[PDB]
Amino acid sequence: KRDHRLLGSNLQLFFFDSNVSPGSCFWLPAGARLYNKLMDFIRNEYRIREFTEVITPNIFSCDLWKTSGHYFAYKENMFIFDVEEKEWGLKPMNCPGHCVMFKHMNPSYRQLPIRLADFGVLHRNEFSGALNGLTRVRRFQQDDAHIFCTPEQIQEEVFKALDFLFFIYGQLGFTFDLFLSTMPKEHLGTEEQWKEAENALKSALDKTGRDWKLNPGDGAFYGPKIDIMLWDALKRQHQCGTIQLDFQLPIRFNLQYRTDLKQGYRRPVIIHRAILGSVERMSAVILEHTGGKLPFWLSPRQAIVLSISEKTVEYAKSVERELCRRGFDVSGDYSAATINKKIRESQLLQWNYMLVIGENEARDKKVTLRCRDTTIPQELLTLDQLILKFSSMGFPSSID
Amino acid sequence: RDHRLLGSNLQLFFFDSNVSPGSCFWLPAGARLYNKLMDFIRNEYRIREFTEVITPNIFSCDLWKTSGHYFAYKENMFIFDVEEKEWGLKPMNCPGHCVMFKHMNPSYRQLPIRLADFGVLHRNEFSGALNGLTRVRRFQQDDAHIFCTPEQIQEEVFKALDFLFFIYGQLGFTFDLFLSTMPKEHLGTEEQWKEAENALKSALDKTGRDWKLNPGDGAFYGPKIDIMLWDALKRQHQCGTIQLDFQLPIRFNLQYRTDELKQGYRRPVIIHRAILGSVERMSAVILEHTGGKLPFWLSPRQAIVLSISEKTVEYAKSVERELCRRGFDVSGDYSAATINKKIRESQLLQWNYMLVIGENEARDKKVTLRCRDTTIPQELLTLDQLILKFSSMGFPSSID
Ligand SMILES: [Ca+2]
Ligand SMILES: [Zn+2]
Ligand SMILES: [Zn+2]
């Protein structure tokens, strides 16, 4: 039983209400811990890799999307409303507002690349009949980011973007196929732009040494792309990760930068990219991927403290308290139920560790640590040894 | 000394009054401050057993008819049709949290339930009334709803006062307390209002602090303790509230099973509360409060590495990287400017610390630490000493 809708109920992660907000998700405490941990995983790498998170508005005057050129095509699937007799809408994507920020920042070449990351809430007006769990939603957050760079920087930025994907997907336990899609018949921008960018893309792909397939003429109207199809442990494929070059928004927003239209000024290239895709969808994939057996650094339920008998409950609670104060996601079972009943019950919510506290542990001021994977032998640790162990199982890092 | 001016001079945030008046574009450094302010609160949530959740942003307007917000709030709501049915963007979290409580279906053993939510809220303020971060259309509250038994009201209100006292003390604010009582139009009987106002009054009396009556400003669903803070400029701000709500539990048919409207069930009481008020407003106040000289743990610009000459740039970069890997918000100036000019330039952005790196520092594997307050003498420290100093200036803690 691995459907994410079922796991979201069984593991008390999230639920939907089809009468008050069909297509959006209610994330219970445990679900919200997973959601935020997935984003914080990405953020930890953002710091390592010089991405700068920004915060942008959610609602805009529809002039923004008339500027960006998205209005005619997206209006039908956007939530739109009048504000003082002007047409506004909820954002279905982040890119236009990032162009406004780039414009404001007004950088020179010495400050390129600029890498604006944004986890902002997005909305699309999906038909009610199409709605399905976390896979087809009206409300989602993306690990979205835009790299603004010189044409000469494309190769190195795309190579770093590929490395970033390889790191995250490998830590989530996915494999993946790479696809390069090149200039379609109808295309915005000059041929020299496309040739220069396609060579840099091809060059980055080659430098990884990984296999990759060419899809000639399947690029976007506004730029070539690399598509990444990932494969979960059920051997299903998902298109979550994207690297999409964009010659159009630089022109439409009149983006420019002084070098080493205007003279002496070139246009930046925009790289749209995402790794998780939508946190909502990646959450679903991972839950089905693992059957709900999440790794310690994603898990909402990291360690439960189980008292063998009432006599050790107070000591057992002090252990849970310190673990909570140290930032771990813990709970306790201090009922009069037998210790074996307490273990079986705690298998149900997939706790990564079970801390068994009996008289021997309270006497020697130690803890008995058991793993959800019962093939790993138990350990008798001091609280400080426990904390050191737990601390070594935070986010995997690309510099560690 | 105006937060809008500070946000521009310190490259924190800006406003685009043409594409999104009333919302805010947070630049990288501003978003760092925003998230740190929330992180501060989140740390206290963990200490104080609040559980963050995530709720939709858009809802069928049936929800606000159920909750009773609909009549008085729709004028200020962003409202739109979804498949011929009236929906809106949420301007508060409470109704969604009632939906979640009902789903959770707790017993007395799980009370209190403390749902915290930083979700994005929207209110349609008149454009002629908008004012930077002080009067906005878009904001995130440090919102939380405590669902507790009637018997738990005094202890939970006591703790909510204690939470607020702690936060404001660490931020350096004094404050005045007000009991806002029965407004003209309200839900529930005058007897229910009598019980609720006297419960809040009793909590207020136990604090031993002065407080004042505020007739007419209670919420339509119950009375509230309102807190006005005073900043260093001797200007007052309403940020904090603790509201006692017997009425929404009835609107939503919330019940919980007891130890000994259904038999064996009682309605929970909701305590609404916020301390920051909104990250937007509190950010503005703290900026003005400090004139932009933020404490180390809030600053988005904690230390900048300044190389004295080209020879020490590579070593100085290693110092920057290590600090960044250790979680600190750092940068570097590796330009050809003289060290005195680098120090003056960096002062403009109110870096808490400057790390002066010459060949003497490189040779001995040390840094020269200069404080933003140049009355504090410079120190010569190793990298490990520096990191110990920095680590000791993290989020103030109510258990530290
Ligand atoms: Ca954070
Ligand atoms: Zn984009
Ligand atoms: Zn509320």
# chains A, B, ... in the order shown; residues from 1 in each chain; ligands from 1
>>> closest_atom_pairs(of="chain B", to="ligand 1", cutoff="12 Å", atoms="only C-alpha atoms and all ligand atoms", output="Markdown table")
| residue | atom | partner | partner_atom_place_in_ligand_line | distance |
| --- | --- | --- | --- | --- |
| B:31 | CA | ligand 1 | 1 (Ca) | 10.2 |
| B:32 | CA | ligand 1 | 1 (Ca) | 8.7 |
| B:33 | CA | ligand 1 | 1 (Ca) | 10.1 |
| B:34 | CA | ligand 1 | 1 (Ca) | 9.1 |
| B:35 | CA | ligand 1 | 1 (Ca) | 5.3 |
| B:36 | CA | ligand 1 | 1 (Ca) | 6.4 |
| B:37 | CA | ligand 1 | 1 (Ca) | 8.9 |
| B:38 | CA | ligand 1 | 1 (Ca) | 7.1 |
| B:39 | CA | ligand 1 | 1 (Ca) | 5.2 |
| B:40 | CA | ligand 1 | 1 (Ca) | 9.0 |
| B:41 | CA | ligand 1 | 1 (Ca) | 10.4 |
| B:42 | CA | ligand 1 | 1 (Ca) | 8.5 |
| B:43 | CA | ligand 1 | 1 (Ca) | 10.0 |
| B:118 | CA | ligand 1 | 1 (Ca) | 11.8 |
| B:327 | CA | ligand 1 | 1 (Ca) | 11.5 |
>>> interface_residues(of="chain B", to="chain A", cutoff="7 Å", atoms="only C-alpha atoms", output="number ranges by chain")
B: 19-20, 23-28, 31, 47, 51-56, 58-60, 62-63, 79-80, 325
>>> write_last_selection(atoms="N, CA and C atoms", output="CSV table (one decimal), in the first residue's frame")
chain,number,residue,atom,x,y,z
B,19,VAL,N,3.0,47.4,-10.6
B,19,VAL,CA,2.7,46.0,-10.9
B,19,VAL,C,2.1,45.3,-9.6
B,20,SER,N,2.5,45.7,-8.4
B,20,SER,CA,2.0,45.1,-7.2
B,20,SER,C,2.0,46.1,-6.0
B,23,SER,N,2.3,45.0,-2.0
B,23,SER,CA,3.1,43.9,-1.7
B,23,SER,C,4.6,44.4,-1.9
B,24,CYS,N,5.5,43.5,-1.5
B,24,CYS,CA,6.9,43.9,-1.4
B,24,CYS,C,7.8,42.9,-2.1
B,25,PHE,N,8.8,43.5,-2.8
B,25,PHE,CA,9.9,42.7,-3.4
B,25,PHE,C,11.1,42.6,-2.4
B,26,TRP,N,11.3,41.5,-1.8
B,26,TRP,CA,12.4,41.3,-0.9
B,26,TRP,C,13.7,40.9,-1.7
B,27,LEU,N,14.7,41.7,-1.7
B,27,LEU,CA,16.0,41.4,-2.3
B,27,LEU,C,16.7,40.4,-1.4
B,28,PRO,N,17.8,39.7,-1.9
B,28,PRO,CA,18.4,38.7,-1.1
B,28,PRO,C,18.6,39.0,0.3
B,31,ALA,N,15.3,39.2,2.3
B,31,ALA,CA,14.7,37.8,2.5
B,31,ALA,C,15.5,37.1,3.6
B,47,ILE,N,10.5,25.0,21.4
B,47,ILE,CA,10.6,25.0,22.9
B,47,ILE,C,9.2,25.0,23.5
B,51,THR,N,3.0,23.5,16.9
B,51,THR,CA,3.2,22.7,15.7
B,51,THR,C,2.8,23.5,14.4
B,52,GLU,N,3.8,23.9,13.6
B,52,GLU,CA,3.5,24.6,12.4
B,52,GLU,C,2.7,23.7,11.4
B,53,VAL,N,1.7,24.3,10.7
B,53,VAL,CA,1.0,23.6,9.7
B,53,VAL,C,1.0,24.5,8.4
B,54,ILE,N,0.5,23.9,7.3
B,54,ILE,CA,0.3,24.6,6.0
B,54,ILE,C,-1.1,24.4,5.5
B,55,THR,N,-1.7,25.5,5.2
B,55,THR,CA,-3.1,25.5,4.8
B,55,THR,C,-3.2,26.2,3.4
B,56,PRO,N,-4.3,26.0,2.7
B,56,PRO,CA,-4.5,26.7,1.4
B,56,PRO,C,-4.5,28.2,1.5
B,58,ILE,N,-6.5,29.9,-1.1
B,58,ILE,CA,-7.8,30.2,-1.6
B,58,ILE,C,-8.8,29.2,-1.1
B,59,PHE,N,-10.0,29.7,-1.0
B,59,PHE,CA,-11.1,28.9,-0.4
B,59,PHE,C,-12.4,29.3,-1.1
B,60,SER,N,-13.4,28.4,-1.1
B,60,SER,CA,-14.8,28.7,-1.4
B,60,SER,C,-15.3,29.6,-0.3
B,62,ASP,N,-17.9,29.7,1.1
B,62,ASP,CA,-18.7,29.0,2.1
B,62,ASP,C,-18.0,28.9,3.4
B,63,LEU,N,-16.6,28.8,3.4
B,63,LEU,CA,-15.9,28.7,4.6
B,63,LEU,C,-16.1,30.0,5.4
B,79,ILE,N,-11.8,38.6,-4.1
B,79,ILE,CA,-12.8,37.6,-4.3
B,79,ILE,C,-12.9,37.3,-5.8
B,80,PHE,N,-13.2,36.1,-6.2
B,80,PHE,CA,-13.2,35.7,-7.6
B,80,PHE,C,-14.1,34.4,-7.7
B,325,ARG,N,30.0,28.1,4.9
B,325,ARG,CA,29.7,26.7,5.2
B,325,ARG,C,29.2,26.5,6.6
>>> residues_around(residues="residue 352 of chain A", least_positions_apart="4", cutoff="8 Å", atoms="only C-alpha atoms", output="ChimeraX atom specification")
/A:294-296,299,301-303,371-373
>>> select_by_dssp(residues="segment 121-150 of chain A", states="strand (DSSP E)", output="ChimeraX atom specification")
/A:121-123,139-141,144-149
>>> write_last_selection(atoms="C-alpha atoms", output="CSV table (one decimal), in the first residue's frame")
chain,number,residue,atom,x,y,z
A,121,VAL,CA,3.2,29.9,-3.5
A,122,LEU,CA,1.8,29.5,-7.1
A,123,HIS,CA,-1.8,29.0,-8.2
A,139,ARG,CA,-1.7,25.4,-5.2
A,140,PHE,CA,2.0,24.5,-5.3
A,141,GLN,CA,5.4,25.8,-4.3
A,144,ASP,CA,12.2,27.6,-8.7
A,145,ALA,CA,15.2,29.8,-9.5
A,146,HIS,CA,16.4,32.0,-12.4
A,147,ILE,CA,20.0,32.4,-13.3
A,148,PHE,CA,20.8,35.6,-15.2
A,149,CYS,CA,24.1,35.3,-16.9
>>> residues_near_ligand(ligand="ligand 2", cutoff="9 Å", atoms="only C-alpha atoms and all ligand atoms", output="MDAnalysis selection string")
chainID A and resid 93:96 98 144:146 244 246 270:274
>>> write_last_selection(atoms="N, CA and C atoms", output="mmCIF file, in the first residue's frame")
data_model
loop_
_atom_site.group_PDB
_atom_site.id
_atom_site.type_symbol
_atom_site.label_atom_id
_atom_site.label_comp_id
_atom_site.auth_asym_id
_atom_site.auth_seq_id
_atom_site.Cartn_x
_atom_site.Cartn_y
_atom_site.Cartn_z
ATOM 1 N N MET A 93 3.325 31.644 -11.907
ATOM 2 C CA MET A 93 4.759 31.390 -11.995
ATOM 3 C C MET A 93 5.488 32.598 -11.413
ATOM 4 N N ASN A 94 6.799 32.435 -11.186
ATOM 5 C CA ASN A 94 7.630 33.463 -10.568
ATOM 6 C C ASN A 94 8.429 34.312 -11.547
ATOM 7 N N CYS A 95 8.687 33.821 -12.769
ATOM 8 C CA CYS A 95 9.680 34.440 -13.654
ATOM 9 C C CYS A 95 9.463 35.937 -13.883
ATOM 10 N N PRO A 96 8.264 36.420 -14.223
ATOM 11 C CA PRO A 96 8.141 37.860 -14.506
ATOM 12 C C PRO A 96 8.589 38.734 -13.348
ATOM 13 N N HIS A 98 10.785 38.070 -11.098
ATOM 14 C CA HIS A 98 12.240 38.031 -11.025
ATOM 15 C C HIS A 98 12.877 38.945 -12.057
ATOM 16 N N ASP A 144 11.886 26.885 -7.453
ATOM 17 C CA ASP A 144 12.169 27.645 -8.657
ATOM 18 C C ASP A 144 13.354 28.592 -8.452
ATOM 19 N N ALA A 145 14.155 28.769 -9.501
ATOM 20 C CA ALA A 145 15.204 29.780 -9.506
ATOM 21 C C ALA A 145 15.504 30.214 -10.933
ATOM 22 N N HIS A 146 15.992 31.444 -11.079
ATOM 23 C CA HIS A 146 16.414 31.963 -12.373
ATOM 24 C C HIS A 146 17.845 32.436 -12.285
ATOM 25 N N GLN A 244 15.964 25.465 -18.513
ATOM 26 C CA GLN A 244 15.293 26.056 -19.669
ATOM 27 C C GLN A 244 15.872 27.434 -19.948
ATOM 28 N N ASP A 246 16.198 31.037 -21.997
ATOM 29 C CA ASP A 246 15.119 31.957 -22.333
ATOM 30 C C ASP A 246 15.744 33.200 -22.940
ATOM 31 N N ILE A 270 18.531 34.122 -19.601
ATOM 32 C CA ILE A 270 17.814 33.626 -18.434
ATOM 33 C C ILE A 270 17.761 32.108 -18.492
ATOM 34 N N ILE A 271 18.182 31.472 -17.409
ATOM 35 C CA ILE A 271 18.062 30.039 -17.233
ATOM 36 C C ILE A 271 16.995 29.801 -16.175
ATOM 37 N N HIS A 272 15.824 29.314 -16.596
ATOM 38 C CA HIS A 272 14.867 28.791 -15.631
ATOM 39 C C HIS A 272 15.352 27.420 -15.196
ATOM 40 N N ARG A 273 15.210 27.116 -13.916
ATOM 41 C CA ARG A 273 15.580 25.773 -13.497
ATOM 42 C C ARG A 273 14.841 25.405 -12.223
ATOM 43 N N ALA A 274 14.666 24.102 -12.049
ATOM 44 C CA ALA A 274 14.058 23.522 -10.865
ATOM 45 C C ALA A 274 14.589 22.112 -10.748
#
>>> residues_near_ligand(ligand="ligand 3", cutoff="7 Å", atoms="only C-alpha atoms and all ligand atoms", output="compact mmCIF listing (two decimals) with N, CA, C and O atoms, in the first residue's frame")
# COMPACT_ATOMS: atom_id res chain seq x y z
N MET B 92 -7.28 35.68 6.76
CA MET B 92 -6.84 35.14 8.04
C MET B 92 -6.80 33.62 7.98
O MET B 92 -7.33 33.00 7.05
N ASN B 93 -6.17 33.02 8.99
CA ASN B 93 -5.96 31.58 9.02
C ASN B 93 -7.01 30.82 9.82
O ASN B 93 -7.21 29.62 9.55
N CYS B 94 -7.67 31.48 10.78
CA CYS B 94 -8.53 30.79 11.74
C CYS B 94 -9.47 29.78 11.11
O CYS B 94 -9.53 28.64 11.60
N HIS B 145 -3.29 29.20 16.52
CA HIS B 145 -4.52 28.93 17.25
C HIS B 145 -4.29 27.80 18.23
O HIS B 145 -3.83 26.72 17.84
N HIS B 272 -6.60 32.72 19.87
CA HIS B 272 -5.88 33.28 18.73
C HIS B 272 -4.75 34.14 19.25
O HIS B 272 -4.90 34.82 20.27
N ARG B 273 -3.61 34.12 18.56
CA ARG B 273 -2.48 34.88 19.08
C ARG B 273 -1.43 35.11 18.00
O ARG B 273 -1.26 34.31 17.08
>>> residues_around(residues="residue 164 of chain A", least_positions_apart="6", cutoff="9 Å", atoms="only C-alpha atoms", output="VMD selection string")
chain A and resid 45 49 275 398
>>> closest_residue(among="A:221, A:172, A:199, A:143", to="residue 187 of chain A", atoms="only C-alpha atoms")
A:221
>>> closest_residue(among="A:353, A:103, A:13, A:266", to="residue 376 of chain A", atoms="only C-alpha atoms")
A:353
>>> closest_residue(among="B:311, B:17, B:270, B:209", to="residue 128 of chain B", atoms="only C-alpha atoms")
B:17
>>> decode(residues="segment 288-303 of chain B", atoms="N, CA and C atoms", output="compact mmCIF listing (two decimals), in the first residue's frame")
# COMPACT_ATOMS: atom_id res chain seq x y z
N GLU B 288 13.57 50.44 11.84
CA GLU B 288 13.50 51.80 12.36
C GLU B 288 14.01 51.85 13.79
N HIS B 289 13.62 50.87 14.61
CA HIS B 289 14.07 50.77 16.00
C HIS B 289 15.59 50.89 16.10
N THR B 290 16.31 50.16 15.25
CA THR B 290 17.76 50.13 15.31
C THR B 290 18.44 51.08 14.34
N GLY B 291 17.68 51.83 13.54
CA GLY B 291 18.30 52.57 12.47
C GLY B 291 19.07 51.69 11.51
N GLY B 292 18.65 50.44 11.34
CA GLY B 292 19.36 49.56 10.45
C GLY B 292 20.59 48.90 11.04
N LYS B 293 20.89 49.10 12.32
CA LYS B 293 22.04 48.44 12.94
C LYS B 293 21.55 47.19 13.67
N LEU B 294 21.39 46.12 12.90
CA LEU B 294 20.71 44.96 13.43
C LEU B 294 21.64 44.13 14.31
N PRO B 295 21.09 43.47 15.32
CA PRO B 295 21.90 42.56 16.13
C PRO B 295 22.38 41.40 15.28
N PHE B 296 23.53 40.84 15.68
CA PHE B 296 24.21 39.82 14.88
C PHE B 296 23.26 38.72 14.44
N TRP B 297 22.42 38.24 15.35
CA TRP B 297 21.59 37.08 15.04
C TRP B 297 20.47 37.39 14.06
N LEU B 298 20.10 38.66 13.88
CA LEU B 298 19.11 39.04 12.87
C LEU B 298 19.74 39.57 11.59
N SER B 299 20.96 40.05 11.67
CA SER B 299 21.56 40.75 10.54
C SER B 299 21.71 39.83 9.33
N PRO B 300 21.34 40.28 8.14
CA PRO B 300 21.68 39.53 6.92
C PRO B 300 23.11 39.76 6.46
N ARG B 301 23.88 40.58 7.18
CA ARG B 301 25.24 40.92 6.78
C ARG B 301 26.10 40.84 8.04
N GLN B 302 26.51 39.62 8.37
CA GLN B 302 27.16 39.35 9.65
C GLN B 302 28.66 39.66 9.61
N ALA B 303 29.37 39.23 8.56
CA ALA B 303 30.79 39.56 8.47
C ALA B 303 31.21 39.65 7.01
